[PDB]
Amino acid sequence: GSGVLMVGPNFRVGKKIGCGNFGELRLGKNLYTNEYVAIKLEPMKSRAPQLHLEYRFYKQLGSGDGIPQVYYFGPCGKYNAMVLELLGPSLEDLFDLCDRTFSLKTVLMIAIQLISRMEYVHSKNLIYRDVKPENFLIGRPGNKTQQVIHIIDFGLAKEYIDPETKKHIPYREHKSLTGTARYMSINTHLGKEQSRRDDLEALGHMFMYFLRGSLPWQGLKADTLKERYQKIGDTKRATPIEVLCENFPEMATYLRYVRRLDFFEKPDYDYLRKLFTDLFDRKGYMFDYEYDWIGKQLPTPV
């Protein structure tokens, strides 16, 4: 036939975009509306499927602020595909573009939005579990949500409230480590079941990462993943919050609060946001969405 890969009745699959994957994220086009989209692909032969249920997580999330719109899920050649709204570059891409350091203003504008974003996700009975700069993308120049920080990849998500019992998932240990070691919470390092508190702690680690330019456990290597994980964990525990957050009192207060939350406990999202909006106002900053990357030349697939 054609020679061209189609998804559903109107989505033309195009070049693969982004870094790493390996052909799992491709640019696409909606031939019917003449709009570009992002297409996530998973070989039907996959060992550990994640696509179809990530799709289900999106259905459960519904339409939300900062949540990419999902258009289709279906077979595509020897692939299973999920089609979503095309977005802009990730926070990691922007960080590199800004010489690997964000100003406090930029970081606070990011943190205020991400705390709300996480609260939205949690309000849908889901815990994220995959916090990292690569999973947060700004909108597209023009498509009016370019200043909005979006969250992607719910492949590692989990329902923390059992749909039938309506009870919080039970506490337990011995969970295998798979997530990204640089940002994960200390309790995650200990093999404990993750809950709402962990998503928040991970955000904190990321905030300090942006503010300092790096984290003090970032260069640890070992002979086995488990060994690398343990080392990073030991250093996180061995580094006092007052040292990690030197010169950023509010960041220390945030991190101390989340690190001390109980497993079943619902975080006080308003409290955490106010720590940052109070500081923001105190510094005299204006929440005008003028991040550090404003004015630069942004990487784009199209």
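Residue numbers run from 1 along the displayed sequence.
Colleague: For the higher mean C-alpha B factor in the entry, choose 42 to 50 or 23 to 31.
Modeller: Comparing 42 to 50 with 23 to 31, the higher average CA B-factor belongs to 42 to 50.
Colleague: State which stretch shows the higher mean Cα B factor in the entry: 11 to 19 or 284 to 292.
Modeller: Taking the mean C-alpha B-factor of 11 to 19 and of 284 to 292, the larger value falls to 11 to 19.
Colleague: Can you tell me which of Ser116, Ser103, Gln218, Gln194 has the maximum CA B-factor listed in the PDB entry?
Modeller: Answer for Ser116, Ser103, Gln218, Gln194: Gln218, with the highest C-alpha B-factor.
Colleague: So among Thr145, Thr188, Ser123, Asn135, who wins on Cα B-factor in the entry?
Modeller: That would be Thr145.
Colleague: Sort the modelled residues of this chain by their C-alpha B factor and say whether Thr277 lands in the lowest, middle or highest third.
Modeller: Lowest third - that is where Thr277 ends up once the chain's C-alpha B-factors are sorted.
Colleague: Just say lowest, middle or highest third for the CA B-factor of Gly155 relative to the other modelled residues in its chain.
Modeller: Ranked within chain, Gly155 CA B lands in the middle tercile.
Colleague: Ranking every modelled residue in this chain by its Cα temperature factor as given in the entry, which third contains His174?
Modeller: According to the entry, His174 has a C-alpha B-factor in the chain's highest third.
Colleague: If you rank every modelled residue in this chain by C-alpha B factor, which third holds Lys236: lowest, middle or highest?
Modeller: Bottom third by C-alpha B-factor.
Colleague: Going by the CA temperature factor in the PDB record, which third of the chain does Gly88 belong to: lowest, middle or highest?
Modeller: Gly88: CA B-factor falls in the lowest third of its chain.
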